[PDB]
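Written out below as structure tokens is the structure these notes cover.
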Number of protein chains: 2
Amino acid sequence: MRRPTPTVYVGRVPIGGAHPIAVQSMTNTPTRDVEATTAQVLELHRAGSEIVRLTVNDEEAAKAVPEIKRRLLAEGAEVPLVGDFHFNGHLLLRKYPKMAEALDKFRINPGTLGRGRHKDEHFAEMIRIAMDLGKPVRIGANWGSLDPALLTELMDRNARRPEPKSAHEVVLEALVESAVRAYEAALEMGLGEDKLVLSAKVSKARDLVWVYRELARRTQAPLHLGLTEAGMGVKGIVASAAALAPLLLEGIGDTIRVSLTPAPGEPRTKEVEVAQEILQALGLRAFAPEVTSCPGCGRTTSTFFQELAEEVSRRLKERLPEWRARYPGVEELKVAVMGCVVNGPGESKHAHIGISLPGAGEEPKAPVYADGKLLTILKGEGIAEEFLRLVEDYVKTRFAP
Amino acid sequence: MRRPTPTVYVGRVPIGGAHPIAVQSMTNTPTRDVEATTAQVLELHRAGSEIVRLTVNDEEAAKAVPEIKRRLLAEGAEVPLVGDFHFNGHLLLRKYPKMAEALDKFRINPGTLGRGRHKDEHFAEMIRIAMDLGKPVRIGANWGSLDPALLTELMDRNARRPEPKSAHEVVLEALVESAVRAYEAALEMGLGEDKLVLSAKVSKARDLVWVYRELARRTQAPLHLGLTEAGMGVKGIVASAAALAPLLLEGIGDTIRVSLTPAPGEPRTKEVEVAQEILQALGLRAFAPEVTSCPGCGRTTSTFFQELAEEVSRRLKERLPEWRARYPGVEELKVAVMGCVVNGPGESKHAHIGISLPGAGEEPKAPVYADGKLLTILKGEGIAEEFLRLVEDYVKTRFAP
Ligand SMILES: C#CCOP(=O)(O)OP(=O)(O)O
Ligand SMILES: C#CCOP(=O)(O)OP(=O)(O)O
Ligand code: SF4
Ligand code: SF4
């Protein structure tokens, strides 16, 4: 099902159809602030960001990049850095060759290159520097910054059609075209297929799916997939997952970024957690053990159910660093915590290990299943710690090296 | 794109391919507790649950149902009630005809009917009561409660194949078959196509998509779609959205339920909010104004951006009850709050109304766009309240009756 693509190395991280779909993120600290940006790169990376982008917006930012990279490497943190360029990227890359070298990838936006005939020169200059340095590039179109000359061209094409499309549909055409024309232009200049990643982001889910199906058909490059400007909170989380899932299940997308707006005080790592959850929900990567639990209903006996499920989740999160080191494959662990006999045994038998609490009408005992069969039956006080000990025992056996 | 289906009325709410996809939920209070369950029905309904299910697990539950329904109707709350039956549904429906009458729909699980030859009688009895009362039925299979006799049948079919499928794939076959055989059996007994809804739930997203594509192909009924036992927190929210989106975008699904495990103390309404967000993210329903906002990055100037976006979201939520009454169509409002010039103007021009804060390097002014064109430019203190006044003015004009 996965769309085949050439491999693009972003630092040490391969992306493309032969490789795991890579999680990425972007900092929100001022790049010029070396200490804050280094810290946040590390934080994002420790949370699971395999690649981290940072804006390189002006000269002070550019001058900070080599120091941020040096500091990362001093602690053995080989997380690749993507520089995000707009308006003056050709100038910054030209003037600050240590920044150009320090980055692991450049992002170009075909809509923020400049005006008129200057755009083609600026593009060429950035591509030249990438070629000279052996750096990969993302050609990243975004409908917030659509090339207006291209939009007019396409508006006029549309108006000649027997049945013109809507204005909105022509915007989506123009976004794809922007990415595809720039891709083809880079290839024609000699940038390798092993050095080009494409994106074409919109902020509405159904539109993203259309756009990426077109990109996937019209190009051979690995694709960086994300719902741009997804918003805050639950809205942003849902929209992101809803937009990505149809494409990922169809085999489209080689790296993802979740564009959440943090609430004030909310950590920048939340977008990384969401990204990881999307991929794991779809069975495309495994990052950590997961808990399957029912919603609970009027059959569930007390608030013990919600508390047990939460406690199991909390313990798995606590054990994971240790586990990941000792027990190869433990990220695939599936644990169930269920509220009653209706679906409790069955669901538990689908998990690696699961517990079925007794609900209404039932004897006060809680069967535990592992590998699809009854393991034991728990009762009394301390069901939670007995269950967690059984989960521990299970992990040691099943995921033993 | 929407799959055509006959219309099934669940109380006053039509479901099927000619109708909006209906949001539903389920209570978690003991049904016998009339006061707690009435209260929670009302809470769920006020949050957007168009249909509400409650477990009817024993005699005391059954005896409460008519009183819960009476109380709802006394306040004009015409939210339909779905009774969830397992093991003894035929007995409860037979013994408590006022409960049978009070419900607006019955849920049957083909896997919780009983043993052997008793299953067919129990099924028939429930279908008979529904026919006699004019009630619709959901035939709701769940892989936590798969009919074992059917699984063995299908296991044996599989073992005769030149290339047998995995055990997991045969479970999914058996789940579909359970729903389809029961559907066909109900139809053959005379229950109308206007009285039958189907579900066949699993707890893994990719499996759900396969299952529902099969149900959709093999049956004509409206489909109740949900990812069962989706779990807690972000995991549960993401998995639910990821599982539903591919199907909903393909036109499959007539009503949805989000099966979140609440954290201790978390409201039961959270699943309703998630359901609504899935549908709105995909452009299938509109419930409330939405805010598109960028993630922010190193180009964003201060924590003002995150604070403004949050404040705009909070104000829209506060205004909505009033708005919904005065301004037909306001649920479709799209507002943008953006961090800098890179995508800020562009994205704002895609919204009904949007503001682009100044980021790094920019003059300290904030253009506001409406209907795709510059409306005004804001500066100084009080940008947030000026913007919200402009949003108010916009709404009055655009969504005037
Ligand atoms: C900076 C920024 C916005 O980031 P995203 O929403 O990831 O969009 P792109 O910058 O187009 O990749
Ligand atoms: C009670 C219960 C579980 O509810 P869901 O996860 O909605 O699954 P079904 O009861 O199969 O519809
Ligand atoms: S397993 Fe039992 S307690 Fe949990 S939601 Fe299902 S029927 Fe209710
Ligand atoms: S609009 Fe500007 S501040 Fe917001 S994420 Fe995009 S580049 Fe950064």
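In the structure tokens, each chain is lettered A, B, ... as it comes, each chain's residues begin at 1, and ligands are numbered from 1 in order of appearance.
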
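Around ligand 2, using only C-alpha atoms and all ligand atoms and a cut-off of 7 Å, the residues in contact are residues 294, 295, 296 and 297 of chain A; 55, 140, 141, 142, 199, 200, 201, 226, 227, 228, 229, 257, 258 and 259 of chain B.
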
Can you list, as a PyMOL selection string, every residue of region 120-242 of chain B that DSSP puts in helix (DSSP H, G or I)? chain B and resi 120-133+143-145+148-159+167-188+193-195+205-218+233-242

Enumerate as JSON, numbers by chain the residues within 7 Å of ligand 3, counting only C-alpha atoms and all ligand atoms. {"A": [294, 295, 296, 297, 298, 299, 300, 338, 339, 340, 341, 342, 343, 344, 359]}

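With distances taken over only C-alpha atoms, B:144 is the one residue among B:144, B:110, B:233, B:116 lying closest to chain A.
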
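Among the candidates A:152, A:397, A:38, A:112, the one nearest to chain B when counting only C-alpha atoms is A:112.
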
I'd like the contact shell of residue 331 (chain B) - 12 Å cut-off, only C-alpha atoms, skipping same-chain residues fewer than 2 positions apart - returned as a PDB file with N, CA and C atoms, in the first residue's frame.
ATOM      1  N   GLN B 276     -18.696  15.882  17.308  1.00  0.00           N
ATOM      2  CA  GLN B 276     -19.035  17.073  16.567  1.00  0.00           C
ATOM      3  C   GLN B 276     -17.815  17.597  15.831  1.00  0.00           C
ATOM      4  N   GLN B 280     -17.446  18.220  11.795  1.00  0.00           N
ATOM      5  CA  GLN B 280     -17.153  19.582  11.299  1.00  0.00           C
ATOM      6  C   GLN B 280     -15.803  19.664  10.619  1.00  0.00           C
ATOM      7  N   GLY B 283     -16.203  18.866   7.078  1.00  0.00           N
ATOM      8  CA  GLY B 283     -17.177  19.653   6.311  1.00  0.00           C
ATOM      9  C   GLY B 283     -18.495  18.988   6.142  1.00  0.00           C
ATOM     10  N   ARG B 285     -20.940  18.618   8.809  1.00  0.00           N
ATOM     11  CA  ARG B 285     -21.935  19.299   9.586  1.00  0.00           C
ATOM     12  C   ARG B 285     -21.221  20.569  10.082  1.00  0.00           C
ATOM     13  N   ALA B 286     -21.980  21.572  10.461  1.00  0.00           N
ATOM     14  CA  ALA B 286     -21.451  22.731  11.123  1.00  0.00           C
ATOM     15  C   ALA B 286     -22.227  22.970  12.398  1.00  0.00           C
ATOM     16  N   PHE B 287     -21.523  22.985  13.507  1.00  0.00           N
ATOM     17  CA  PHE B 287     -22.087  23.155  14.825  1.00  0.00           C
ATOM     18  C   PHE B 287     -21.816  24.486  15.493  1.00  0.00           C
ATOM     19  N   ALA B 288     -20.673  25.077  15.183  1.00  0.00           N
ATOM     20  CA  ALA B 288     -20.241  26.289  15.887  1.00  0.00           C
ATOM     21  C   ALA B 288     -19.169  26.925  15.048  1.00  0.00           C
ATOM     22  N   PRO B 289     -18.981  28.224  15.202  1.00  0.00           N
ATOM     23  CA  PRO B 289     -17.866  28.898  14.561  1.00  0.00           C
ATOM     24  C   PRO B 289     -16.552  28.178  14.914  1.00  0.00           C
ATOM     25  N   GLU B 290     -15.610  28.246  13.985  1.00  0.00           N
ATOM     26  CA  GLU B 290     -14.324  27.634  14.187  1.00  0.00           C
ATOM     27  C   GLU B 290     -13.201  28.648  14.002  1.00  0.00           C
ATOM     28  N   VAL B 291     -12.118  28.464  14.736  1.00  0.00           N
ATOM     29  CA  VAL B 291     -10.952  29.310  14.648  1.00  0.00           C
ATOM     30  C   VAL B 291      -9.845  28.482  14.016  1.00  0.00           C
ATOM     31  N   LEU B 316     -16.108  33.376  21.010  1.00  0.00           N
ATOM     32  CA  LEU B 316     -17.046  32.721  20.092  1.00  0.00           C
ATOM     33  C   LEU B 316     -17.929  31.709  20.816  1.00  0.00           C
ATOM     34  N   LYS B 317     -17.344  30.962  21.744  1.00  0.00           N
ATOM     35  CA  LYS B 317     -18.098  29.966  22.511  1.00  0.00           C
ATOM     36  C   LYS B 317     -19.119  30.685  23.368  1.00  0.00           C
ATOM     37  N   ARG B 319     -20.587  33.677  22.820  1.00  0.00           N
ATOM     38  CA  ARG B 319     -21.604  34.318  21.991  1.00  0.00           C
ATOM     39  C   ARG B 319     -22.577  33.322  21.289  1.00  0.00           C
ATOM     40  N   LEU B 320     -22.152  32.047  21.173  1.00  0.00           N
ATOM     41  CA  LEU B 320     -22.867  31.122  20.273  1.00  0.00           C
ATOM     42  C   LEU B 320     -24.353  30.934  20.639  1.00  0.00           C
ATOM     43  N   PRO B 321     -24.694  30.770  21.923  1.00  0.00           N
ATOM     44  CA  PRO B 321     -26.142  30.571  22.169  1.00  0.00           C
ATOM     45  C   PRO B 321     -27.040  31.692  21.636  1.00  0.00           C
ATOM     46  N   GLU B 322     -26.586  32.922  21.877  1.00  0.00           N
ATOM     47  CA  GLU B 322     -27.256  34.056  21.367  1.00  0.00           C
ATOM     48  C   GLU B 322     -27.227  34.123  19.869  1.00  0.00           C
ATOM     49  N   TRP B 323     -26.016  33.974  19.343  1.00  0.00           N
ATOM     50  CA  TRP B 323     -25.909  33.970  17.906  1.00  0.00           C
ATOM     51  C   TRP B 323     -26.800  32.968  17.152  1.00  0.00           C
ATOM     52  N   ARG B 324     -26.810  31.742  17.664  1.00  0.00           N
ATOM     53  CA  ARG B 324     -27.558  30.649  17.008  1.00  0.00           C
ATOM     54  C   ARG B 324     -29.031  31.090  16.896  1.00  0.00           C
ATOM     55  N   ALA B 325     -29.510  31.862  17.874  1.00  0.00           N
ATOM     56  CA  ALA B 325     -30.913  32.301  17.866  1.00  0.00           C
ATOM     57  C   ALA B 325     -31.216  33.477  16.902  1.00  0.00           C
ATOM     58  N   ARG B 326     -30.246  34.349  16.748  1.00  0.00           N
ATOM     59  CA  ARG B 326     -30.440  35.573  15.985  1.00  0.00           C
ATOM     60  C   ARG B 326     -29.994  35.522  14.537  1.00  0.00           C
ATOM     61  N   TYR B 327     -28.962  34.716  14.272  1.00  0.00           N
ATOM     62  CA  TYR B 327     -28.218  34.780  13.010  1.00  0.00           C
ATOM     63  C   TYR B 327     -28.136  33.443  12.327  1.00  0.00           C
ATOM     64  N   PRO B 328     -29.170  33.113  11.550  1.00  0.00           N
ATOM     65  CA  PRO B 328     -29.184  31.846  10.858  1.00  0.00           C
ATOM     66  C   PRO B 328     -27.935  31.606  10.042  1.00  0.00           C
ATOM     67  N   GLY B 329     -27.333  30.435  10.271  1.00  0.00           N
ATOM     68  CA  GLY B 329     -26.180  30.005   9.527  1.00  0.00           C
ATOM     69  C   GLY B 329     -24.830  30.312  10.193  1.00  0.00           C
ATOM     70  N   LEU B 333     -19.444  30.012  10.490  1.00  0.00           N
ATOM     71  CA  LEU B 333     -18.415  31.044  10.576  1.00  0.00           C
ATOM     72  C   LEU B 333     -17.039  30.449  10.750  1.00  0.00           C
ATOM     73  N   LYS B 334     -16.126  30.995   9.934  1.00  0.00           N
ATOM     74  CA  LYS B 334     -14.709  30.627   9.946  1.00  0.00           C
ATOM     75  C   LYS B 334     -13.902  31.914  10.311  1.00  0.00           C
ATOM     76  N   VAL B 335     -13.179  31.896  11.402  1.00  0.00           N
ATOM     77  CA  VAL B 335     -12.350  33.021  11.881  1.00  0.00           C
ATOM     78  C   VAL B 335     -10.918  32.594  11.893  1.00  0.00           C
ATOM     79  N   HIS B 352     -13.892  33.664   6.811  1.00  0.00           N
ATOM     80  CA  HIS B 352     -14.859  34.815   6.711  1.00  0.00           C
ATOM     81  C   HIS B 352     -14.225  36.135   7.171  1.00  0.00           C
ATOM     82  N   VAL B 395     -20.674  39.220  11.837  1.00  0.00           N
ATOM     83  CA  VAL B 395     -21.725  38.227  12.024  1.00  0.00           C
ATOM     84  C   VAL B 395     -23.118  38.819  11.804  1.00  0.00           C
ATOM     85  N   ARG B 398     -23.356  39.445   7.854  1.00  0.00           N
ATOM     86  CA  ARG B 398     -23.289  38.257   7.014  1.00  0.00           C
ATOM     87  C   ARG B 398     -24.402  37.246   7.300  1.00  0.00           C
ATOM     88  N   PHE B 399     -24.746  37.036   8.576  1.00  0.00           N
ATOM     89  CA  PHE B 399     -25.685  36.016   8.984  1.00  0.00           C
ATOM     90  C   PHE B 399     -26.990  36.629   9.461  1.00  0.00           C
TER      91      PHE B 399
END

Taking the backbone alone, and naming residues the way the document does, which bits of region 73-114 of chain A are strand (DSSP E or B) by DSSP, as a ChimeraX atom specification? /A:81-84,105-108

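CA of residue 111 (chain B) sits 12.7 Å away from CA of residue 180 (chain B).
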
With distances taken over only C-alpha atoms, which residue among A:143, A:123, A:96, A:106 lies nearest chain B? A:143

With a distance cut-off of 12 Å and only C-alpha atoms, select the neighbouring residues of residue 95 (chain A), excluding the residue or stretch itself and same-chain residues fewer than 2 positions from it, and output the selection as a ChimeraX atom specification. /A:58-60,62-63,88-93,97-101,125-126,129

Given the selection you just returned, output its residues as a file containing C-alpha atoms, formatted as a short mmCIF file (atom, residue, chain, number, x, y, z; two decimals), in the first residue's frame.
data_model
loop_
_atom_site.label_atom_id
_atom_site.label_comp_id
_atom_site.auth_asym_id
_atom_site.auth_seq_id
_atom_site.Cartn_x
_atom_site.Cartn_y
_atom_site.Cartn_z
CA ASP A 58 16.74 37.18 9.66
CA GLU A 59 20.42 37.73 10.10
CA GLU A 60 20.44 37.25 13.87
CA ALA A 62 21.06 32.88 10.79
CA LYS A 63 24.02 33.69 13.01
CA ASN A 88 15.26 36.51 2.13
CA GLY A 89 16.40 32.88 2.19
CA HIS A 90 18.70 33.33 -0.74
CA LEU A 91 20.36 36.27 1.03
CA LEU A 92 20.74 34.49 4.34
CA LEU A 93 22.13 31.31 2.80
CA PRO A 97 27.62 29.85 4.78
CA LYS A 98 28.23 28.40 8.27
CA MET A 99 24.42 28.47 8.79
CA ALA A 100 23.91 26.85 5.40
CA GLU A 101 26.32 24.09 6.35
CA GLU A 125 20.24 30.66 -5.76
CA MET A 126 18.83 28.56 -2.89
CA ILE A 129 23.58 26.43 -2.44
#

Identify which of the residues B:231, B:354, B:164, B:267 lies closest to chain A, counting only C-alpha atoms when measuring atom-to-atom distances. B:231

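Candidate residues B:372, B:278, B:386, B:347 were compared for distance to ligand 1, and the nearest is B:347, using only C-alpha atoms and all ligand atoms.
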